[PDB]
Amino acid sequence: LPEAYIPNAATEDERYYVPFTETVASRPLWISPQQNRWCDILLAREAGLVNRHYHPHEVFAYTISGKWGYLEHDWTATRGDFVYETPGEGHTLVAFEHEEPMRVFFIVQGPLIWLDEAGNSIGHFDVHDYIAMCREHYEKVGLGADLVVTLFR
């Protein structure tokens, strides 16, 4: 099957970004239903928060714009910064209001498992959940659910 080339990944066209939390949205770029893995541009136009969760596997990121981090580490990432998260580490992603929106290229190995404050597992978000959310949004905004399927490898 073919390579993928997606020009202007962190596009200014808002239709391509699928709401994930109230303050954070994602543009899918590449999705592997068999590997439970995907690549996306994560976007927060203002202050943003993704609730605590862990990944059984690794996460890689390259910061395109803005200012973000995880509360469980001591740094904050701005344009040009690289991040790797170790498997199994629980983390809470935050985005700060900056001149530019937070835009981050992420390569994610799922599932995410949502954690309450006690550190107990309360829900999950896996590649099928991601596909379903992206197809539903893309159909609604007029891009078509079939566009999401074109991303699959």
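Start at 1 and count along the sequence shown; that's the residue number.
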Look up the CA B-factors in the entry and say which stretch, 44 to 52 or 59 to 67, has the higher mean.
-> 44 to 52
Higher average CA B factor in the deposited record is what I'm after, so tell me if that's 109 to 117 or 88 to 96.
-> 109 to 117
Among 131, 145, 18, 10, which carries the highest Cα B-factor?
-> 145
Check where residue 28 lands among this chain's C-alpha B-factors and tell me if it's the lowest, middle or highest third.
-> lowest
In terms of its chain's C-alpha B-factors, the third that includes residue 39 is the lowest
On the chain's distribution of Cα B-factors, residue 127 falls within the third called middle
